[PDB]
Amino acid sequence: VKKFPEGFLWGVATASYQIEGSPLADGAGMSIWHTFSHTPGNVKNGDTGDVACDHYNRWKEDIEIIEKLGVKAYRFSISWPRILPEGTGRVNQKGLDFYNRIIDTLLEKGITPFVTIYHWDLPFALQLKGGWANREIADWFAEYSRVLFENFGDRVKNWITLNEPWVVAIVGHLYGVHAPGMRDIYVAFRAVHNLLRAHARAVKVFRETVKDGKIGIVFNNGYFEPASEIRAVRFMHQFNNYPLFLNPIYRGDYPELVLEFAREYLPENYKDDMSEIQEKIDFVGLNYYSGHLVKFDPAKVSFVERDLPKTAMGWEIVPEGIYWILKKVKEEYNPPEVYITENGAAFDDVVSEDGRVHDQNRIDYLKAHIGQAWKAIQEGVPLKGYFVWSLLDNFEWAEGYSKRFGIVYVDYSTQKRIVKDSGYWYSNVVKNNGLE
Ligand SMILES: OC[C@H]1NC[C@H](O)[C@@H](O)[C@@H]1O
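Residues numbered from 1 in each chain as written, not as in the entry; some residues may be left out. Heavy atoms only, no water. Residues with missing side-chain atoms left out of burial classes, pairs and counts.

The protein chain is annotated in the PDB entry as BETA-GLUCOSIDASE A from Thermotoga maritima. This entry's official PDB title is "Beta-glucosidase from Thermotoga maritima in complex with deoxynojirimycin". The Catalytic activity field of the UniProt record for the protein chain holds the comment "Hydrolysis of terminal, non-reducing beta-D-glucosyl residues with release of beta-D-glucose." Here the protein chain is described in UniProt, under the heading Pathway, as follows: "Glycan metabolism; cellulose degradation." (UniProt positions renumbered as here; feature names shortened; annotations may be inferred.)

S.K.: Whenever I open this one, unusual backbone geometry confuses me. Can you help?
M.R.: It is generally the case that most residues other than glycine have a negative phi and that most peptide bonds are trans. Here the residue pair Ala179 and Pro180 is connected by a cis peptide bond, since its omega of 5° sits within 30 degrees of zero. Residue position: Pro180 is located in the loop between helix 8 (165–173) and helix 9 (185–209). The omega torsion of the bond from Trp389 to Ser390 falls at 5°, within 30 degrees of zero and hence cis. Within the secondary structure layout, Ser390 lies in the loop between strand 12 (383–389) and strand 13 (408–411). The phi angle at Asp54 is positive, at roughly 45°, despite the residue not being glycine. Residue placement: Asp54 occurs in the loop between helix 2 (32–37) and helix 3 (55–69). In this structure, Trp397 takes a positive phi of about 55° despite not being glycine. (Helix = DSSP H or I, 4+ residues; strand = E, 2+ residues; numbered from the N terminus.)

S.K.: I'm lost on the UniProt feature "active site" in the protein chain in this one. Help?
M.R.: According to UniProt, the "active site" feature falls on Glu164 and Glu342. By the element assignment, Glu164 lies in the loop between strand 5 (158–163) and helix 8. Those residues in contact with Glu164, other than ones at most four positions away along the chain, are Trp120, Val218, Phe219, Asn220, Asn287 and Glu342. Among the structural elements, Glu342 can be located in strand 11 (residues 338–342). With residues up to four places along the chain from it excluded, the contact list for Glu342 reads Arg75, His119, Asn163, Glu164, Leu286, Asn287, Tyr288, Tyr289, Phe387 and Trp389. Engagement of the side chain of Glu342 in a polar contact is seen with the side chain of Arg75, the distance being 2.9 Å. (Contact = heavy atoms within 4.5 Å. Polar contact = N/O pair within 3.5 Å; in protein donor to acceptor, adjacent residues only side chain to side chain.)

Right, dumping it as structure tokens:
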């Protein structure tokens, strides 16, 4: 048996645009993911977030599922454009009402809300003004955060500024694969820097407004391994993983190898912001899915395909990664608290004739990673919680509905939810506070 500490937080996680649908209901402004997915060629099968899981109407059902599974925490995000349809200025009471009902319901049912303030659905109005490229987004983000803290900070006490700011910056603004779909490296690194400045301004506002809660930030992380016998691994870790952001937050500069590669792309006087960026945070959130074999390649980095089980994303399954990254964050920055804020897998789920989804592959994946997380706890990592991505099959960004990450299956023709074997399994882990 592998039992977790008392009070350890078992959660599931979603994001607004991936599940809600009704992106323009009740006065909401367009987000950059509305406009990006309605642009031909950007998302697989022409999929959009217009309907998704219809969580906008079905929220009560979905939460009742969380309750019924005895899951203790729900990580969800708020749609900035539902709250402030032009990004700044006017506040939309019906947007506040929607999340208010969700929050109050969670608290009634004894589930701890973890709110992601930004999970990628930037108001379109602000993209017109440059979005993450514009230094002014630090103010816009502060104002938005303020509104949330003022309206919800009486009940929500666990907050996350940004989800995966590397993805926001690099995949949105260099690769052009995510909204706003840009391919400019100088824009991409100004977005990195402004994400940090916006994150830090929101923390500062938080200290002024919600004097009894906790705030952190979530990073994507891969477990990079070298193809032979190492510096490419070093760069990938410093660039793709938490150090890009944590080195500024804890040490006041970007990591060495990031500067080696990217100095020319950062603002000239970027160091002038670093003291503000060092605003103290309460926890680090790490997302982790996959491992990668890496080699130098005259980026100067390429991936090497390996044997190894893969998911439907083609991501290699390497459970020891989650242990490595947990050990590595403690070793490198020693944050007071850590959460695994996302871990999960996409498989080609089928509803069997018995009416059930026999996702033994997802159970195996989750089990292995939870065991590795447990190990890190035994070896001193202050892991306070673990969140499964995702509660529901949902809109998987540029992959559309073709990648199912849920522990609950969604039949999109009817919106029926069918708890998967992995969900039932996870429920028992939560009840038991660990593996048996
Ligand atoms: O790709 C899987 C998962 N990765 C991390 C992102 O937070 C989430 O939105 C996405 O669905």
